[PDB]
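Colleague: Can you keep this structure in mind? I'll have questions shortly.
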Amino acid sequence: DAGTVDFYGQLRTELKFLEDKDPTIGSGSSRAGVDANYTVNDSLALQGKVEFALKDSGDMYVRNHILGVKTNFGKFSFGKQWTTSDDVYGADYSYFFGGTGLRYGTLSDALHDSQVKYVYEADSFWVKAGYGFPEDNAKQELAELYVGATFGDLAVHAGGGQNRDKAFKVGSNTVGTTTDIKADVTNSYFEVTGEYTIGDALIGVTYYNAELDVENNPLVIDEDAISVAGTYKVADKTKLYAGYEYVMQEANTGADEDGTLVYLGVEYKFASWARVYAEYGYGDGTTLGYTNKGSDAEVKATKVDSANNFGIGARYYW
Amino acid sequence: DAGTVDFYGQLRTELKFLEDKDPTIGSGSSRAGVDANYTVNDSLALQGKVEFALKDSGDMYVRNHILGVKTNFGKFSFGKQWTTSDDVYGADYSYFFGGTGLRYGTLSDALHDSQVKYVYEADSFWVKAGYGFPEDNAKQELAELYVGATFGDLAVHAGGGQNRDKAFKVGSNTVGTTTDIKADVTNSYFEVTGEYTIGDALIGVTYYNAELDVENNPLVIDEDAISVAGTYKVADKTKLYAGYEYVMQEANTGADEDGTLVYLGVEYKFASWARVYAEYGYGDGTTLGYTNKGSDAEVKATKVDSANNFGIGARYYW
Amino acid sequence: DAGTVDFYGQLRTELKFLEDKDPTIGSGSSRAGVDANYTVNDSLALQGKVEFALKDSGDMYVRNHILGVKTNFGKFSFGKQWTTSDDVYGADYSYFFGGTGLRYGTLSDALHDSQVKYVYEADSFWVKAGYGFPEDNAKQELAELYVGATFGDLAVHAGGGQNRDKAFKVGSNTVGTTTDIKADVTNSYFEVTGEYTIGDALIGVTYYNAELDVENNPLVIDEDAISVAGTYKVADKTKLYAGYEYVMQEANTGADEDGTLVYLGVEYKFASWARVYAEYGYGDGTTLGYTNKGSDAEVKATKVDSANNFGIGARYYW
Ligand SMILES: [Ca+2]
Ligand SMILES: [Ca+2]
Ligand SMILES: [Ca+2]
C-alpha cells in the first residue's frame with residue numbers, strides 16, 4: 001500500500017577523439033531525476049517522474065515529465081517522454097558511436113513531448129505502444145506499436161510506427177542572408193530483432209526497413225538496415241562489446257547509397273556506481289540521421305570517410 | 001529558537017480542449033521549491049525561499065527568490081516575488097479558465113522581480129503592500145497597497161495600486177520585415193471584495209475598476225469588472241465551484257466593449273498529495289489581458305466567440 | 001574507505017547603489033551544488049561535483065561540472081571549472097567592487113568549460129596548473145601554472161599563464177544594422193603575491209603584469225598592476241577590510257592610461273550560515289575588464305569618473 005521515492009542520476013564525463021577534429025573534454029549527457037511510485041491496491045498504482053539535464057553547455061531543462069497509471073488492463077504513461085521506439089531500441093550495445101541501422105527516429109531524435117504511452121507485460125509476452133499529439137503542428141505526428149516475447153534463452157521483438165514533421169530541415173542555401181529549406185516528411189518504419197543469451201555471451205540482430213515520402217513531391221527513400229552485435233563478460237567486472245551495422249538507402253530517383261559502422265569496446269565497473277568506458281568506432285558512408293542511446297548523441301544526416309573515433313568515458317551513478 | 005526547512009512542489013499534468021484548437025497534453029506549471037524559516041526571538045524571524053519551474057517546454061528558471069525578515073513592526077520580503085495584488089487576488093476559484101475581471105496585472109503578468117513587500121497581521125485585521133524598483137527601466141514601476149479584515153463568517157478586502165511599462169507591446173504590423181509597436185502604458189486599479197462561509201458553501205464577489213492612460217497620447221480605457229463565484233463541498237473529498245465574470249471596457253474614443261467568462265468545475269482529492277480536476281469554461285467577448293492563478297496561464301489581450309473549453313487536471317503535491 | 005556527499009549553497013540577496021544609476025534589488029549570484037568524495041585507499045580518492053545557478057534573471061544552468069582523481073602523484077580535475085588563476089586569485093578581500101589589478105581573466109571571465117587541472121600540496125609548499133582544450137576554437141586556448149609556499153606567518157605565491165580568444169569582442173559600430181568588431185587577442189600574464197597574518201590583522205600585496213598582443217596587427221597593451229589590501233577582525237563576529245588598487249595601461253601606440261579602485265567594508269556574521277555585508281567603492285579611470293570573485297560580477301572594459309558605489313549584502317549559506 002505505501003510508495004517509493006527514488007532520487008537518481010548520472011555524472012558523465014567523456015574524453016573524445018573524433019575523425020578530423022580536436023580532443024574534447026567535458027560532460028556527456030549528465031542528468032538527475034525523481035521517480036515516485038505508489039501502489040494503491042492490486043489493480044492500481046501511480047507514478048510521477050521528472051528527469052532534468054546537467055549538461056555543461058546550455059541552459060538546464062526538463063527531459064522527461066511523466067504521470068503513469070498502472071492497472072489490470074495495463075500502464076498508461078502521459079507527457080514528455082522518449083518514443084516507445086527508443087525504449088524498445090534494437091541490437092546496439094555501444095556507449096558512443098553506433099545505433100545507425102535503427103531507423104525509428106530520423107525525424108524524432110527519439111522524443112515527443114506531448115505523448116500517451118501504453119505498456120502490458122504477461123507470461124513474458126509483452127506489448128508497448130504510443131501516440132503523439134500534434135498539439136496543432138507545434139509537434140510531430142507519431143504513432144507506434146511494438147510486441148515481443150522471450151523463449152527462455154531467446155528474446156524477440158517486432159513492430160514499428162509512423163512519424164511525420166510538417167516543417168523538417170532538409171538543407172540550406174544562404175546566398176550572402178542565411179536560410180534553411182523546410183519540407184514535410186513522413187518516416188514509416190518497421191523492425192524485427194532477436195537476442196540470444198549463452199551465459200557470458202549475448203548475440204543480437206536487428207533488421208530495420210523505412211520509407212521517407214515527401215508531400216507535394218515525388219521523392220522517396222527506402223532504407224533497409226542490418227545491425228548485428230554482442231557482448232561477452234570476460235573478467236569479474238569487465239564486459240566487451242562490438243557491432244557491425246550496414247545500411248542501404250535507395251532513392252526513387254535511381255540514386256543508391258550506403259553506410260557502414262563498426263564498434264568495439266569495453267565496460268569496466270570499479271563498482272555499480274562507478275564505470276569507465278573505452279570504445280573505438282569506424283564509419284564509412286552515409287547516415288540519414290541517428291541517435292546513440294548510450295551517449296544521448298544526435299548525428300544529423302551526413303556522409304563520412306576514412307573515419308576513426310575513440311571515446312573514453314567515466315560515469316558516477318546514484 | 002530553531003528553524004524549519006520545507007522542500008515542496010507540484011507535478012501538474014493537464015489534458016486540455018480549447019475552442020478551435022487540438023487536444024494538448026503535457027505539464028501544466030510544475031514547480032519545486034525550498035522554504036527555509038528560522039525564529040531568532042519573539043520580535044525576529046528569518047526566511048529564505050527559492051521556487052524554480054519544471055515546465056516541460058523551455059529552459060528551466062527561478063520563479064521566486066526571497067529574503068524575508070519578520071518583526072514586531074511587520075514582515076519585509078525582498079527580491080523576485082509575485083505582486084501583492086496576486087497574493088490578495090479576489091473571487092475566482094477556477095484551476096484553468098477564469099480570473100478575468102481581476103485587473104491588477106494587465107501589464108505585470110502578476111510579477112515583479114525586483115520588489116520589496118510588507119505584511120502585517122493583527123486581531124485578524126491585516127495590511128499588505130509592495131514597491132517595485134524600476135532598476136533603470138529594465139523593469140516596470142509598481143506600487144500597491146491592500147487592507148482587509150474578517151468578521152467571524154464574512155471576509156473583506158480592498159486596495160489596488162499603480163503599475164507602468166515604458167515599452168509595452170500594444171500591437172504589430174510587419175510589412176513583408178516583422179516589427180511590434182511599443183507604447184508607454186499606465187494601469188491604475190482598485191478593488192473591493194467580500195467572502196462568506198456557510199459551512200460547506202462559500203460565496204465571493206469582487207469589483208475591479210481600472211484606468212489605462214498612455215503618455216504622449218489621448219487614449220484612455222476605463223475597465224469596470226464584476227466577478228461573482230463560489231464553492232460547495234458535496235461528498236467527502238469532492239468540491240464544486242463556479243463563477244460568472246463580466247467586464248466592460250469603455251475607451252475615451254467612444255468605443256465600448258465587453259467580455260463574459262463562466263466556469264463550472266470539480267476538485268476531487270484521492271488524498272491531499274493527489275488531486276484531479278475537471279472544468280468547463282465559456283467565454284465571449286474581450287479581455288485586455290489576464291492571469292489564471294490556478295493554472296499559472298497568461299492570456300494576452302484577445303476577443304473570443306462561441307467559446308467552449310474543457311480542462312482535465314492531475315497533480316501530485318509534496 | 002567510505003565517502004562524503006555534501007549538498008551546499010548560497011542564497012545571496014543584494015541592494016546596490018552604483019554611480020549614475022538607480023537602486024537595484026534582487027539576487028546576487030545565488031547557486032547550489034553537490035560535492036561527492038570517496039577515498040578508495042591511501043593512494044586514491046574520487047570526486048564528483050556539479051554546482052548550478054539560482055540567479056533571479058535568466059534560464060538556470062550549470063556552473064562547474066567536475067571529475068576529480070587524487071593520487072600520490074597529485075589531484076587531476078576534469079571538465080567545466082574556474083581557471084587555476086581564479087582559484088589562486090591575489091590580494092582582493094571585497095564582496096562587490098574591487099578585483100581590478102588581478103589581470104588573469106580579461107578574456108576568460110575566470111572560466112573555461114573544457115579544461116584539465118592539476119594540484120599538489122606538500123610540507124605546505126604547493127603547485128597548481130591547468131590546460132584548456134580549445135575543442136576546435138569553440139573555446140579559448142588556456143594554459144596556467146602557479147606555485148606557492150607558507151613561512152609560518154607569511155604566505156607567498158607566483159605564477160601566471162597565457163589565454164587567447166580568436167574572436168573576442170573589441171568594439172561596435174552599428175550604422176543604422178548593428179554589428180560588433182571581433183579580433184584575435186592574446187593575454188599573457190604573471191603575478192607575485194604575499195600575505196601576512198598578525199593575529200587579528202591580515203595584509204596582502206599583489207603585483208600583476210600583462211600583455212595583450214593582437215594577431216595581424218601592431219597593437220600591444222602592457223598592463224602593470226598593484227593591489228594592496230587587508231582585513232582586521234574587531235568585535236566577536238565583525239571583520240573590516242579595505243584595499244587600494246592601481247593599474248597602468250601603456251599601449252604600444254604611445255597612449256598611456258590608468259585606473260584606481262578603493263574599497264572599504266564590513267563583514268558581520270549573525271552566524272556562519274547568516275552573513276551581511278556593507279561596502280563602499282571609489283573608482284576613477286580605466287579597466288580593460290575584470291571579475292570580482294566575491295560577487296561573481298563581470299565588469300567589461302570601461303572608463304569611470306567621480307565614481308561612488310555602495311553595496312549591502314545578505315546571504316544564507318548551507
Ligand atoms: Ca537513488
Ligand atoms: Ca514538503
Ligand atoms: Ca551542506
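Letters A, B, ... mark the chains of the C-alpha cells in the order given; residue numbers begin at 1 per chain; ligand numbers begin at 1, in order shown.
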Would you please give, as a count of residues only, all residues of segment 3-195 of chain B that DSSP assigns to strand (DSSP E) based on the backbone?
Modeller: 122
Colleague: Tell me, as a list in words, which residues lie within 7 Å of segment 287-291 of chain C, counting only C-alpha atoms; anything in the same chain fewer than 2 positions away does not count.
Modeller: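 Once the nearby chain positions are removed, what remains is residues 99, 100, 105, 106, 109, 259, 293, 296, 297, 298, 299, 300, 301, 302 and 303 of chain C.
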Colleague: Restricting it to N, CA, C and O atoms, dump the selection as a PDB file, in the first residue's frame.
Modeller:
ATOM      1  N   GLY C  99      39.018  43.879  -7.231  1.00  0.00           N
ATOM      2  CA  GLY C  99      39.451  42.757  -8.020  1.00  0.00           C
ATOM      3  C   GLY C  99      40.147  43.248  -9.288  1.00  0.00           C
ATOM      4  O   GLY C  99      40.811  42.460  -9.983  1.00  0.00           O
ATOM      5  N   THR C 100      40.006  44.534  -9.625  1.00  0.00           N
ATOM      6  CA  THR C 100      40.850  45.104 -10.677  1.00  0.00           C
ATOM      7  C   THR C 100      42.305  44.964 -10.227  1.00  0.00           C
ATOM      8  O   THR C 100      42.599  44.734  -9.037  1.00  0.00           O
ATOM      9  N   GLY C 105      42.061  37.225 -16.096  1.00  0.00           N
ATOM     10  CA  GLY C 105      40.889  36.903 -16.871  1.00  0.00           C
ATOM     11  C   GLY C 105      40.215  38.010 -17.650  1.00  0.00           C
ATOM     12  O   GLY C 105      38.996  37.949 -17.842  1.00  0.00           O
ATOM     13  N   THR C 106      40.973  39.006 -18.118  1.00  0.00           N
ATOM     14  CA  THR C 106      40.462  39.986 -19.113  1.00  0.00           C
ATOM     15  C   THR C 106      39.602  39.335 -20.247  1.00  0.00           C
ATOM     16  O   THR C 106      38.473  39.750 -20.558  1.00  0.00           O
ATOM     17  N   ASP C 109      36.858  35.723 -18.186  1.00  0.00           N
ATOM     18  CA  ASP C 109      35.849  35.901 -17.135  1.00  0.00           C
ATOM     19  C   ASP C 109      35.979  34.787 -16.063  1.00  0.00           C
ATOM     20  O   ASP C 109      34.985  34.363 -15.444  1.00  0.00           O
ATOM     21  N   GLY C 259      43.932  53.556 -13.849  1.00  0.00           N
ATOM     22  CA  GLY C 259      42.687  53.316 -13.138  1.00  0.00           C
ATOM     23  C   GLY C 259      42.940  53.023 -11.664  1.00  0.00           C
ATOM     24  O   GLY C 259      43.871  52.286 -11.310  1.00  0.00           O
ATOM     25  N   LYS C 293      35.610  38.305  -7.574  1.00  0.00           N
ATOM     26  CA  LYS C 293      35.351  36.920  -7.100  1.00  0.00           C
ATOM     27  C   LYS C 293      34.277  36.755  -6.005  1.00  0.00           C
ATOM     28  O   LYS C 293      33.553  35.750  -5.960  1.00  0.00           O
ATOM     29  N   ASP C 296      30.763  37.501  -7.820  1.00  0.00           N
ATOM     30  CA  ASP C 296      30.734  36.942  -9.182  1.00  0.00           C
ATOM     31  C   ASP C 296      30.464  37.995 -10.314  1.00  0.00           C
ATOM     32  O   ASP C 296      30.304  37.618 -11.463  1.00  0.00           O
ATOM     33  N   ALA C 297      30.522  39.297 -10.014  1.00  0.00           N
ATOM     34  CA  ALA C 297      30.305  40.358 -11.013  1.00  0.00           C
ATOM     35  C   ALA C 297      31.396  40.454 -12.102  1.00  0.00           C
ATOM     36  O   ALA C 297      32.552  40.294 -11.794  1.00  0.00           O
ATOM     37  N   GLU C 298      30.997  40.651 -13.369  1.00  0.00           N
ATOM     38  CA  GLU C 298      31.897  40.872 -14.539  1.00  0.00           C
ATOM     39  C   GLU C 298      31.737  42.352 -14.849  1.00  0.00           C
ATOM     40  O   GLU C 298      30.619  42.847 -14.979  1.00  0.00           O
ATOM     41  N   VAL C 299      32.847  43.070 -14.937  1.00  0.00           N
ATOM     42  CA  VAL C 299      32.842  44.409 -15.498  1.00  0.00           C
ATOM     43  C   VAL C 299      33.631  44.426 -16.774  1.00  0.00           C
ATOM     44  O   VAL C 299      34.818  44.109 -16.776  1.00  0.00           O
ATOM     45  N   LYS C 300      32.971  44.829 -17.851  1.00  0.00           N
ATOM     46  CA  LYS C 300      33.558  44.765 -19.173  1.00  0.00           C
ATOM     47  C   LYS C 300      34.432  45.990 -19.237  1.00  0.00           C
ATOM     48  O   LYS C 300      34.286  46.880 -18.401  1.00  0.00           O
ATOM     49  N   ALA C 301      35.323  46.036 -20.225  1.00  0.00           N
ATOM     50  CA  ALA C 301      36.248  47.173 -20.429  1.00  0.00           C
ATOM     51  C   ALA C 301      35.496  48.511 -20.483  1.00  0.00           C
ATOM     52  O   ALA C 301      34.547  48.600 -21.232  1.00  0.00           O
ATOM     53  N   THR C 302      35.940  49.517 -19.710  1.00  0.00           N
ATOM     54  CA  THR C 302      35.191  50.753 -19.362  1.00  0.00           C
ATOM     55  C   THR C 302      36.171  51.822 -18.819  1.00  0.00           C
ATOM     56  O   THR C 302      37.271  51.511 -18.359  1.00  0.00           O
ATOM     57  N   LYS C 303      35.742  53.077 -18.849  1.00  0.00           N
ATOM     58  CA  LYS C 303      36.394  54.190 -18.163  1.00  0.00           C
ATOM     59  C   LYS C 303      35.346  54.852 -17.235  1.00  0.00           C
ATOM     60  O   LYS C 303      34.281  55.242 -17.682  1.00  0.00           O
TER      61      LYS C 303
END
Colleague: Using only C-alpha atoms and all ligand atoms, which residues of chain B come within 12 Å of ligand 2, and what is the closest atom pair for each, with the distance in Å to one decimal? Give it as CSV, sorted by chain and residue number.
Modeller:
residue,atom,partner,partner_atom_place_in_ligand_line,distance
B:4,CA,ligand 2,1 (Ca),10.5
B:5,CA,ligand 2,1 (Ca),8.5
B:6,CA,ligand 2,1 (Ca),5.0
B:7,CA,ligand 2,1 (Ca),4.7
B:8,CA,ligand 2,1 (Ca),4.2
B:9,CA,ligand 2,1 (Ca),7.4
B:10,CA,ligand 2,1 (Ca),10.3
B:32,CA,ligand 2,1 (Ca),9.9
B:33,CA,ligand 2,1 (Ca),9.1
B:34,CA,ligand 2,1 (Ca),8.5
B:35,CA,ligand 2,1 (Ca),9.1
B:36,CA,ligand 2,1 (Ca),11.2
B:273,CA,ligand 2,1 (Ca),10.3
B:316,CA,ligand 2,1 (Ca),11.9
B:317,CA,ligand 2,1 (Ca),8.5
B:318,CA,ligand 2,1 (Ca),4.9
Colleague: Please report the interatomic distance between atom CA of residue 284 of chain A and atom CA of residue 246 of chain A in Å with one decimal.
Modeller: 9.9 Å
Colleague: Please determine, counting only C-alpha atoms, which residue among C:196, C:215, C:168, C:271 has the shortest atom-to-atom distance to chain B.
Modeller: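 Among the listed residues, C:271 lies closest to chain B.
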Colleague: Identify, with DSSP run on backbone atoms, the residues in segment 49-254 of chain B assigned to helix (DSSP H, G or I), and express the list as an MDAnalysis selection string.
Modeller: chainID B and resid 84:88 135:137
